[PDB]
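Undergrad: Following this message is one structure expressed as structure tokens.
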Amino acid sequence: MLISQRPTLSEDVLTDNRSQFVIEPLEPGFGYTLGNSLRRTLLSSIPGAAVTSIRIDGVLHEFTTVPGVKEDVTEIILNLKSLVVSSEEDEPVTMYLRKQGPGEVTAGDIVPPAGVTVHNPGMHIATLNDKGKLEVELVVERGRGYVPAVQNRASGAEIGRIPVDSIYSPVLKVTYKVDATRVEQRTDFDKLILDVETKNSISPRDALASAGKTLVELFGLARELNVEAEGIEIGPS
Amino acid sequence: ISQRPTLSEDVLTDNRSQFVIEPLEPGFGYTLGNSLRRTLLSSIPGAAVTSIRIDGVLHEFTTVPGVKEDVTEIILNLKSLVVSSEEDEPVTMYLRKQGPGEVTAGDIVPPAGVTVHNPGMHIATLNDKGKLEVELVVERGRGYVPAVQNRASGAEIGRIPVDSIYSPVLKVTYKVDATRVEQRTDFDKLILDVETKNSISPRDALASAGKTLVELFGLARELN
Amino acid sequence: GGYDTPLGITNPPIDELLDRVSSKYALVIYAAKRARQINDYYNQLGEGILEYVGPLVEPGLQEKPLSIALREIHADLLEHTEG
Amino acid sequence: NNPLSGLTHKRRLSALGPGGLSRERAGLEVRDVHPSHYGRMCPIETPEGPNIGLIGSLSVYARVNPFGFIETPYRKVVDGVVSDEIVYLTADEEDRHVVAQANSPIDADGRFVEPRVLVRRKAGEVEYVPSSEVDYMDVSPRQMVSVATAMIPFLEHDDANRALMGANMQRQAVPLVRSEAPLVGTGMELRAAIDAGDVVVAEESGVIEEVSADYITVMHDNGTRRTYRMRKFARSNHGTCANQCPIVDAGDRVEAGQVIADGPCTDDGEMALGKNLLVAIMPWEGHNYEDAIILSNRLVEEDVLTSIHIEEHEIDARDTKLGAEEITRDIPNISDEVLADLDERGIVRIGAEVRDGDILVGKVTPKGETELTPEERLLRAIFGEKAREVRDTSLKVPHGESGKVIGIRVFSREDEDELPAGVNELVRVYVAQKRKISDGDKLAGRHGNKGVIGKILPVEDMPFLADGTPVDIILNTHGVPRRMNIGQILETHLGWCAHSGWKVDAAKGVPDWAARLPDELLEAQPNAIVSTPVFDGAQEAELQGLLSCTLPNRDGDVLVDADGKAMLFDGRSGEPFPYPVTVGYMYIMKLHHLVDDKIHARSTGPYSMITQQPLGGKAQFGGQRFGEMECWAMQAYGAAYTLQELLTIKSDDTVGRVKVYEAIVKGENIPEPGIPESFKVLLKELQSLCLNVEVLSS
Amino acid sequence: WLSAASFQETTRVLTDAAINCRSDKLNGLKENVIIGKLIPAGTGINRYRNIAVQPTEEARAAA
Amino acid sequence: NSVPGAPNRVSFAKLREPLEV
Amino acid sequence: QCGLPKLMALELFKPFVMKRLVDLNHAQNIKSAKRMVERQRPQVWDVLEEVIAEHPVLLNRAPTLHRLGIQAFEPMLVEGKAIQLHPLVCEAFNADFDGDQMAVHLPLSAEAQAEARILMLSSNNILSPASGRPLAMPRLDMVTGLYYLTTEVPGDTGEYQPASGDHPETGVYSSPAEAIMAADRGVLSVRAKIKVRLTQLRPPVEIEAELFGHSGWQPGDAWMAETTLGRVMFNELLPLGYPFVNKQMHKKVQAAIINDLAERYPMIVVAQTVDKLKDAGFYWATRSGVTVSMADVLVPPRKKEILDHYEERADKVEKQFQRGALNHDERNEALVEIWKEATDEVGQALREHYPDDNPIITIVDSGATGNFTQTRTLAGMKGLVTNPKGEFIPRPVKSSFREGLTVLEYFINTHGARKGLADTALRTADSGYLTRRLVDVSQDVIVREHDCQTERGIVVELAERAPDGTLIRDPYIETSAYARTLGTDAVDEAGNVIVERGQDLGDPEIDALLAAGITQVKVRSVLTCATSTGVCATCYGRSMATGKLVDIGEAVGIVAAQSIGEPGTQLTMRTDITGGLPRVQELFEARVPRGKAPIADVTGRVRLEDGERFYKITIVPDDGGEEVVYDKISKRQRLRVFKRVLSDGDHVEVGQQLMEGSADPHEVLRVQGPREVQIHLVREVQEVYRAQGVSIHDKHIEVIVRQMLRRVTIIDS
Ligand SMILES: [Mg+2]
Ligand SMILES: [Zn+2]
């Protein structure tokens, strides 16, 4: 059954990693069906790597301050929470960085093993002073979605281990809106507008492509009951 | 959970069936259930009578002598007809009965390629003066389409338009049960209940909904 | 201007319009007279061109003369003298 | 427009007219409720307009003495013994006695268990008094109330104002095409439907010989038979439907007094002015904001709320000095696609669709003479068109309506009819359309809540319960607590209980709340109808207990909890709503204020004679009145050109009107407004009053 | 007198004005509203009604 | 009740009415 | 924007589409265009949608009380036959959706279209011209949703709790994107107190000063915020430069926010922000889950006990009245006071019983609808039922609407409700008549000149000093002091000047004046304008509708009349001095009031003499004048309580109100000049008018008072 008006997908980039995808026109009622599904799958389907647990020398039970540097430890937790990483191996990879003396400690000081990459070298981490020495250890693992802090099973072996919330998803925030454009002579179609903010590791175009891919697989799973089953058709490209 | 979801079937009744989809991502069960539900209730193709014609009566607000009901209630009775067709071109049914008795939906004569799934539905009641001769127009469609105007088309004066509701799906529902374990091994298990109006199997309706949604999401997947 | 883009009939923001005019009544008459001039030019385009000059900004596909007048006012392409 | 309106129009007490007092003549004291109104005239039923309190409705038990004074019955109690003897008292006879409370703790021996009883004293004062000295009691509850207000369930839980408006909107419901009976109501519905006179009632008992849509033949016991001729699709005085569907079979026995056929708004012989719609009381995304109501597309698709509306169009051909006007097809300068649906007799074929602007009857009048334009002569010279010596003032469908034609009635002098002297043909055509429910149509309950249809959104975008049944109508929650109409929430809960069915476990005795609950009310099948007298009905405890045990219909699913609220799933986003909301079946009714008969607009219509202002109304092309109060607003805005435009050229200045229309059609600038004609009319009028008024240039 | 006669006690003020031979100025708000003239407020005063408009020299030279 | 064709309308009414309307 | 039915739009723009389609060659001539339009050909709709491009259209609702009763929108074609009104402009229109209809008008000329687009555009009319408070308010549903969004519920899901020794706080969040992720799952709730770092919102002024320093912009630097995620969402709707609020969002909180927004930001910005607030409030109203059943309307357990105790207080009184010691009137008054106390106690018990999360409690506490008296009438104690003559029935109801009334209690409640519903019909008609008279008297007051260069002015009280010594703020400041122009310099202790002459006198001016210790300032008003015709712009001060200086040709007289007479329908009388619409009407008719209060004539001590059936007063002068005697002071009037309460022999002022009631304006005029009459009239009308809780700026009444006092009499030929 021919829709008789092909819905299109048009994007206008805003920043280096920011875009709005417009989908129009749609069969009445389908705007929300596509919008909410895309919004959920964008931040819950794309695989990505993130930190899982953290340990730093000088603190074992004092979870407030670490000497050498002046700012507290929660600031460090947030800073290395907001790290974008890409890992090609599923095993927990160990991140090291060691700065001596006064200075500015940034994410570029991280020494990555092969297969683990950091795309924001120039992000502030700490401000060392007074001949301070700071050694930071991170655990990096890949997965999907957003996972809260997971309690460290090896508390006895790693007492300095601290669980942290983890932004696995390469996309940060997606919002959707349904307008009612061009209704009268074209039987009440609607328009979908998606605004996406993803980490600089991947582009919003690729994020949407991967989300569409996984959703198409998931829904063809449902379509694989009757190979032939009449529905709607779209048309030429 | 790094696995991939599956889909099973649980047919409780000839029309009501349950589909389980596990494992899903946390919070995806409700959204997926809604996405199936909307397209199941809206865009499932089907067939329904679109226009009737009775020899005795010329329009929609009189009565044919002999029957206890009137044409404006005959149409209400007929609007619950359950017919299934597979050819897209319109095709005419026929109902013809004389003498006392209750005329039911099973009394109509279906041409080749159309089946009436409600042979026991009451249409009207007749008496000695009763003489019913009805012609129905059945064609495939989708969703709810109101009655077209006989002046819009090249339609005879006696033609009576009837509101069309092509929707074999009666009612659908979803329910999930998240695990939500501290060990981050959380997943959603969607359970979808589908009940259709005896025209197509609920499995067929779900397959049609999937076929209608796969290409719409492929619109996004073909961007690259 | 930190505001987001305007839309519809408010495409020229009203305050930026009031910036160039002493008071809103003067702005109303200022827009109306230029709209009348634009319409007169449109009527007399094919015939002999008179003193009136049409849209100093490029109009859209098809637009009301009043919107053209407002855009011209916002662009400081016109001058007016108070009574 | 429904049986209740007919019932309430009669048995109504007015105060204006010859010998009465006008509304301007009416003071504040008369409009008030007197203590003597009790039992005689209902204190709730009265219109909300200027006539508030001036006109009311008779009580349900009220009687008119053979003397013109009003009179009400009351049981007489003696030494604390209640008698069955019913005696009738007027307003003045009540003062010298002491009437008791309607619902008093009667022990079946006539003795009130407490000495102090609520009684009505001589001067209308209410006070305590021992039992032995009271001498009268109300015959029953709902004696002070009329028949239009006795149909409101849970009346005692509602504010007087909202009950008043609910009783008034009960009068103006429309007859639908199915008229489903209400689940929750009052016993007065049956009597009101029966004695309204529009339901066929078998006068004499006997077996039914035969049943048909047009007629019913009933064989009485004493050999003879009687044929009730059913009335089908008759136009009411307000242009509604009045169909009558028989509800009996060909072999049943009917007793004298039993309802034989149902009227417009009756189901099984009882009043049914609306439909039973599932209700969620959440405020949904602002589409039900400020008393707005949102509906599901199921109502549109299933024809739950749709009304058949019939209009009549009279047109008469009469003798004239020019000759005679003919009802004929010889209509000048008309096409053929619009002539397809006319008979050679000159009128529309029966069963043919028309719409706004279509011709209905072809009536042609001798045009006489006028200035034939020279341009007309060149026009006929180019095509060979005849002069067409007659004027085609045929009858056309007025603006903004359509539908099929139901019947044509034609009378004429050669039919030897009693036509008015002067006319010799008169034809009247009936056109009906199945008006569906759309935006702007007013829907209301019988508890005072009203509102227009904010939107009709599809079945997908409706909050649905765990069973998957979408809600039909959603109303706001911000109106009910402020406006004080909590009675309809109790009606909603009782309706849900009556729909889902219930049973009270009588295993270890009856529960405490059900002790006073009557038998046969401890068990209720699904979709069971209940009743509730207005002032003696289901209490809070009884309703709570009923809500506790609300056995499911098909699956094992207690959708609503003990407190009435239920979980429901959003149809837009899909996730469940954070908190449960109340749901249940409510009785809603469509009012006769549809938007189709309420939309009007005009560009250039006709104008009045003396002053050139356009006329007003819907029958004429109208034009909204721009009164001086709006002139105040426009002057306050400082907008002078807009005001002058609205006054001179848009309304009055004739040359201004025609010049403006020519300029806007020609795409030219609108010219300078002129001088209003009404000012010149005023000047001439003032001159005629011997006042030398001259306007001086300098 | 025109404003007063349209507010209250029309006959009385009309008779008084006829006797006094009162010459109305037709200058107020209600009088101009009645006779169709521009109201003397907002965009009706000569400061705003007589606004002269013309494009700047550079703008017309850029046409 | 007391109506030959009255549908079964169960009632919550406590006391009885000595006279019909 | 505003919706418009397709058929109505077609009928309105008939010549417009006629030309626009005969030009596009759809119809050969005009007659063919008319035939297409009347037949409604499909090509008509496209050109119709074409011609509505930026064509303003006026909407009006009868009755049109104030200036904002006519608003110019831009129409969008909509199916159906119902005009779609924006939900925000309902309050300004006083429009409701019970079935009310609206009239639509089409401006034609370029001047008319310009006037509709610039002057009467809806997005340009937010502040009410009467008092200056915004009239595009987030209303019932929107304010309920906004209130629910920003509540700080203690002990919620995902709350921030500090921890040490074992695990960190695990309540802090990196970015609001992370918080949204958490809220999407079940870990974090919207109304949970958390700590976030923010980059795109301006921190409050004290945090900005403490942390950021002088250069404290929002977009660059991040900052800790101890807030709820809902508050972050709400603050994201405000303009970028607006500081973070972090407050429970009661109606008055949003009032202050939007007033500041309109004061310090462009009009388009505030219009867009109000639209955003409406959208967010509508979205969160449904999620708030406010819904009422019988379980939500709970009753106070103590009520019966109270209804017993006061019952005893009644019984003895009745018994005493049976003894003859208490007369009928005394018994009635005692019962009335006892039952009033009982109602108050039951209301207090209901207040102490209701949880703060109850839907009705949050409905009333959101500022959306109703008052607690309505809930008390719902459950608990209905109250006292009035009589047709206006008295109180000594036997009141005891149950409430929730419990269900009986026949007689319903009867008396109907008595009262019918009286209340009947009085409104006459009240609003009298209000309309008063509005017409007020418009007619002040029609000649229009701004002509920018400034009259006068020095005369009006002194305002402005937070008079307390006896202990401090600056206690006057309650009536936004009415009298705001939106003026200083006529003289405000200098403290003959030192430096605080506010120069001819200043707008806004909020910063006011708190600077209060900090400096100055309390008395002379502002330039319309009572002292030197312009022969109309009033000068500076004297009239800032226009309330726009918030800036008044225009040069604005008709402020009609605006004043409409502002005074618009909320007149909300006026109600109290339980021989009238205090409702009749009182203000008699004040504006300059007639002798019923409760006439004779006033002193010469400064000096008084002579009080308790006469028979009527008291006697004689003011003995402090100079060689005549001892002025007042005769007709009936015993009904009570002696004025001014300063201890007045008694015999006390020193009185030259125009001191001797007797209680209401002094006649003519007498105070001939005793104390025109300035005292202006003060008295303004104060009395304001006291009567704001006792119902209605705010109107004083200059609107001042215009009418000036129009009153324009004329003078003639004594000698
Ligand atoms: Mg209303
Ligand atoms: Zn001045």
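Identifiers in this document derive from the order of the structure tokens: chains are assigned A, B, ..., residues are numbered from 1 separately in each chain, and ligands are numbered from 1 in order of occurrence.
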Could you list, as an NGL selection string, all protein and nucleic acid residues with an atom at most 6 Å from ligand 2, counting only C-alpha atoms and all ligand atoms?
TA: :G and (452 or 454 or 528-531 or 535-536 or 539)
Undergrad: Go ahead and save the residues from that selection, with N, CA, C and O atoms, as a PDB file, in the first residue's frame.
TA:
ATOM      1  N   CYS G 452       5.022  69.171  31.600  1.00  0.00           N
ATOM      2  CA  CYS G 452       4.461  70.486  31.869  1.00  0.00           C
ATOM      3  C   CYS G 452       5.371  71.361  32.719  1.00  0.00           C
ATOM      4  O   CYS G 452       5.025  72.518  32.980  1.00  0.00           O
ATOM      5  N   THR G 454       5.949  71.470  35.815  1.00  0.00           N
ATOM      6  CA  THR G 454       5.347  71.947  37.048  1.00  0.00           C
ATOM      7  C   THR G 454       6.199  71.559  38.252  1.00  0.00           C
ATOM      8  O   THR G 454       7.094  70.713  38.173  1.00  0.00           O
ATOM      9  N   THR G 528      -1.907  67.665  39.713  1.00  0.00           N
ATOM     10  CA  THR G 528      -1.183  68.928  39.701  1.00  0.00           C
ATOM     11  C   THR G 528      -0.693  69.307  38.310  1.00  0.00           C
ATOM     12  O   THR G 528       0.150  70.204  38.188  1.00  0.00           O
ATOM     13  N   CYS G 529      -1.185  68.646  37.267  1.00  0.00           N
ATOM     14  CA  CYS G 529      -0.745  68.944  35.911  1.00  0.00           C
ATOM     15  C   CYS G 529      -1.113  70.375  35.540  1.00  0.00           C
ATOM     16  O   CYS G 529      -2.242  70.817  35.769  1.00  0.00           O
ATOM     17  N   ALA G 530      -0.153  71.099  34.971  1.00  0.00           N
ATOM     18  CA  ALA G 530      -0.377  72.475  34.552  1.00  0.00           C
ATOM     19  C   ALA G 530      -0.893  72.587  33.125  1.00  0.00           C
ATOM     20  O   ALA G 530      -1.245  73.692  32.699  1.00  0.00           O
ATOM     21  N   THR G 531      -0.938  71.486  32.378  1.00  0.00           N
ATOM     22  CA  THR G 531      -1.452  71.531  31.017  1.00  0.00           C
ATOM     23  C   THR G 531      -2.938  71.861  31.028  1.00  0.00           C
ATOM     24  O   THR G 531      -3.712  71.270  31.786  1.00  0.00           O
ATOM     25  N   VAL G 535      -3.496  65.742  30.189  1.00  0.00           N
ATOM     26  CA  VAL G 535      -2.463  65.591  31.204  1.00  0.00           C
ATOM     27  C   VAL G 535      -1.133  65.345  30.510  1.00  0.00           C
ATOM     28  O   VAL G 535      -1.077  64.669  29.478  1.00  0.00           O
ATOM     29  N   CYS G 536      -0.065  65.909  31.062  1.00  0.00           N
ATOM     30  CA  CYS G 536       1.248  65.705  30.474  1.00  0.00           C
ATOM     31  C   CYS G 536       1.759  64.303  30.790  1.00  0.00           C
ATOM     32  O   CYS G 536       1.335  63.660  31.752  1.00  0.00           O
ATOM     33  N   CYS G 539       3.616  63.759  34.288  1.00  0.00           N
ATOM     34  CA  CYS G 539       2.730  63.754  35.447  1.00  0.00           C
ATOM     35  C   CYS G 539       2.000  62.425  35.582  1.00  0.00           C
ATOM     36  O   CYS G 539       1.852  61.901  36.692  1.00  0.00           O
TER      37      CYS G 539
END
Undergrad: List all protein, DNA and RNA residues that have at least one atom no more than 8 Å from any atom of ligand 1, counting only C-alpha atoms and all ligand atoms, and write them as a PyMOL selection string.
TA: chain G and resi 95-100
Undergrad: Would you save the residues from that selection as a CSV table (one decimal), in the first residue's frame, using C-alpha atoms?
TA:
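As written to disk, again.csv reads:
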chain,number,residue,atom,x,y,z
G,95,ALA,CA,-13.0,33.5,28.6
G,96,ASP,CA,-14.1,29.9,29.6
G,97,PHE,CA,-14.9,26.8,27.7
G,98,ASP,CA,-18.4,26.0,29.0
G,99,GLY,CA,-19.8,27.0,25.7
G,100,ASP,CA,-18.9,30.7,25.5
Undergrad: Write down as a PyMOL selection string the residues of region 9-234 of chain A whose backbone DSSP state falls under alpha helix (DSSP H).
TA: chain A and resi 30-45+73-81+204-223
Undergrad: Tell me as a PDB file with C-alpha atoms, in the first residue's frame which residues belonging to chain F come within 6 Å of chain D, counting only C-alpha atoms.
TA:
ATOM      1  CA  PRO F   4     -45.861  -4.357  34.404  1.00  0.00           C
ATOM      2  CA  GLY F   5     -42.840  -3.875  32.141  1.00  0.00           C
ATOM      3  CA  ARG F   9     -33.920  -1.496  39.034  1.00  0.00           C
ATOM      4  CA  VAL F  10     -32.348  -2.396  42.364  1.00  0.00           C
ATOM      5  CA  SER F  11     -32.579   0.440  44.870  1.00  0.00           C
ATOM      6  CA  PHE F  12     -30.560   1.648  47.846  1.00  0.00           C
ATOM      7  CA  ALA F  13     -33.654   3.262  49.382  1.00  0.00           C
ATOM      8  CA  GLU F  17     -43.055   5.574  50.168  1.00  0.00           C
TER       9      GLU F  17
END
Undergrad: Dump as a list in words the residues of chain C that approach chain E to within 7 Å, counting only C-alpha atoms.
TA: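 Matching residues, ligands excluded from the count: residues 25, 26, 29, 30, 33, 34, 56, 77, 78, 79, 80, 81, 82 and 83 of chain C.
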Undergrad: Would you kindly return, as a PDB file with N, CA and C atoms, in the first residue's frame, each protein, DNA or RNA residue with an atom no farther than 9 Å from any atom of region 203-213 of chain A, considering only C-alpha atoms and excluding same-chain residues fewer than 5 positions away?
TA:
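Writing the result to part34.pdb gives the following:
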ATOM      1  N   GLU A  11      18.593  16.568   8.108  1.00  0.00           N
ATOM      2  CA  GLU A  11      19.352  17.021   9.264  1.00  0.00           C
ATOM      3  C   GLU A  11      20.034  18.348   8.962  1.00  0.00           C
ATOM      4  N   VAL A  13      23.053  20.334  10.920  1.00  0.00           N
ATOM      5  CA  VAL A  13      23.997  20.299  12.031  1.00  0.00           C
ATOM      6  C   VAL A  13      24.049  21.668  12.694  1.00  0.00           C
ATOM      7  N   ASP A  16      29.746  20.886  16.436  1.00  0.00           N
ATOM      8  CA  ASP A  16      30.544  19.752  15.983  1.00  0.00           C
ATOM      9  C   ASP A  16      29.821  18.436  16.239  1.00  0.00           C
ATOM     10  N   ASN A  17      29.201  18.292  17.414  1.00  0.00           N
ATOM     11  CA  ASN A  17      28.363  17.134  17.733  1.00  0.00           C
ATOM     12  C   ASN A  17      27.029  17.652  18.268  1.00  0.00           C
ATOM     13  N   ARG A  18      26.121  17.977  17.350  1.00  0.00           N
ATOM     14  CA  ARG A  18      24.770  18.418  17.669  1.00  0.00           C
ATOM     15  C   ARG A  18      23.980  18.524  16.379  1.00  0.00           C
ATOM     16  N   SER A  19      22.768  17.980  16.377  1.00  0.00           N
ATOM     17  CA  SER A  19      21.976  18.039  15.162  1.00  0.00           C
ATOM     18  C   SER A  19      20.499  17.904  15.490  1.00  0.00           C
ATOM     19  N   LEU A  38      12.753   5.908  18.890  1.00  0.00           N
ATOM     20  CA  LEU A  38      14.081   6.392  18.535  1.00  0.00           C
ATOM     21  C   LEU A  38      14.774   7.018  19.736  1.00  0.00           C
ATOM     22  N   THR A  41      15.947   4.123  22.024  1.00  0.00           N
ATOM     23  CA  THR A  41      16.985   3.269  21.460  1.00  0.00           C
ATOM     24  C   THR A  41      18.283   4.029  21.226  1.00  0.00           C
ATOM     25  N   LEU A  42      18.217   5.350  21.035  1.00  0.00           N
ATOM     26  CA  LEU A  42      19.429   6.125  20.796  1.00  0.00           C
ATOM     27  C   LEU A  42      20.362   6.072  21.996  1.00  0.00           C
ATOM     28  N   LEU A  43      19.817   6.227  23.198  1.00  0.00           N
ATOM     29  CA  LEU A  43      20.631   6.210  24.401  1.00  0.00           C
ATOM     30  C   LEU A  43      20.627   4.864  25.109  1.00  0.00           C
ATOM     31  N   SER A  44      19.915   3.865  24.586  1.00  0.00           N
ATOM     32  CA  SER A  44      19.926   2.547  25.205  1.00  0.00           C
ATOM     33  C   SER A  44      20.305   1.422  24.250  1.00  0.00           C
ATOM     34  N   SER A  45      20.847   1.727  23.072  1.00  0.00           N
ATOM     35  CA  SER A  45      21.173   0.657  22.137  1.00  0.00           C
ATOM     36  C   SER A  45      22.605   0.737  21.625  1.00  0.00           C
ATOM     37  N   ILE A  46      23.145   1.945  21.506  1.00  0.00           N
ATOM     38  CA  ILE A  46      24.469   2.128  20.921  1.00  0.00           C
ATOM     39  C   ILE A  46      25.537   1.691  21.915  1.00  0.00           C
ATOM     40  N   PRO A 170      27.148   6.531  23.879  1.00  0.00           N
ATOM     41  CA  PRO A 170      27.871   7.616  23.202  1.00  0.00           C
ATOM     42  C   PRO A 170      27.040   8.868  23.000  1.00  0.00           C
ATOM     43  N   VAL A 171      25.718   8.786  23.099  1.00  0.00           N
ATOM     44  CA  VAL A 171      24.854   9.952  22.972  1.00  0.00           C
ATOM     45  C   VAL A 171      24.477  10.424  24.369  1.00  0.00           C
ATOM     46  N   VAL A 196      19.535  15.921  19.056  1.00  0.00           N
ATOM     47  CA  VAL A 196      20.454  14.960  19.650  1.00  0.00           C
ATOM     48  C   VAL A 196      21.754  15.644  20.048  1.00  0.00           C
ATOM     49  N   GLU A 197      22.279  15.236  21.202  1.00  0.00           N
ATOM     50  CA  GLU A 197      23.587  15.654  21.693  1.00  0.00           C
ATOM     51  C   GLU A 197      24.352  14.387  22.036  1.00  0.00           C
ATOM     52  N   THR A 198      25.420  14.121  21.297  1.00  0.00           N
ATOM     53  CA  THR A 198      26.256  12.954  21.518  1.00  0.00           C
ATOM     54  C   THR A 198      27.669  13.379  21.897  1.00  0.00           C
ATOM     55  N   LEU A 218      15.353  -5.442  15.396  1.00  0.00           N
ATOM     56  CA  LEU A 218      14.413  -5.828  16.442  1.00  0.00           C
ATOM     57  C   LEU A 218      12.998  -5.969  15.898  1.00  0.00           C
TER      58      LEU A 218
ATOM     59  N   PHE B 217      11.422   2.464  10.064  1.00  0.00           N
ATOM     60  CA  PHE B 217      12.701   2.639  10.749  1.00  0.00           C
ATOM     61  C   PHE B 217      13.890   2.486   9.802  1.00  0.00           C
ATOM     62  N   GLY B 218      13.728   1.721   8.722  1.00  0.00           N
ATOM     63  CA  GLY B 218      14.763   1.662   7.709  1.00  0.00           C
ATOM     64  C   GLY B 218      14.992   3.003   7.052  1.00  0.00           C
ATOM     65  N   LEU B 219      13.956   3.841   7.024  1.00  0.00           N
ATOM     66  CA  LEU B 219      14.128   5.231   6.617  1.00  0.00           C
ATOM     67  C   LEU B 219      15.267   5.882   7.390  1.00  0.00           C
ATOM     68  N   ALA B 220      15.348   5.615   8.694  1.00  0.00           N
ATOM     69  CA  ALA B 220      16.471   6.116   9.475  1.00  0.00           C
ATOM     70  C   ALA B 220      17.733   5.302   9.218  1.00  0.00           C
ATOM     71  N   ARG B 221      17.594   3.984   9.040  1.00  0.00           N
ATOM     72  CA  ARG B 221      18.782   3.150   8.861  1.00  0.00           C
ATOM     73  C   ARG B 221      19.460   3.363   7.511  1.00  0.00           C
ATOM     74  N   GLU B 222      18.732   3.828   6.495  1.00  0.00           N
ATOM     75  CA  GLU B 222      19.324   4.045   5.180  1.00  0.00           C
ATOM     76  C   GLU B 222      20.030   5.388   5.048  1.00  0.00           C
ATOM     77  N   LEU B 223      20.037   6.212   6.096  1.00  0.00           N
ATOM     78  CA  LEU B 223      20.718   7.500   6.016  1.00  0.00           C
ATOM     79  C   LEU B 223      22.222   7.315   5.850  1.00  0.00           C
ATOM     80  N   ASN B 224      22.860   6.677   6.828  1.00  0.00           N
ATOM     81  CA  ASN B 224      24.306   6.455   6.829  1.00  0.00           C
ATOM     82  C   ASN B 224      25.085   7.749   6.608  1.00  0.00           C
TER      83      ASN B 224
END
Undergrad: Would you kindly return, as a ChimeraX atom specification, each protein, DNA or RNA residue with an atom no farther than 10 Å from any atom of residue 424 (chain G), considering only C-alpha atoms and excluding same-chain residues fewer than 3 positions away?
TA: /G:419-421,427-430,569-572
Undergrad: Considering only C-alpha atoms, extract the chain C residues located within 9 Å of chain G and return them as a list in words.
TA: residues 2, 3, 4, 6, 8, 9, 10, 13, 14, 15, 23, 24, 25, 27, 28, 29, 31, 32, 33, 35, 36, 62, 63, 64, 65, 66 and 67 of chain C
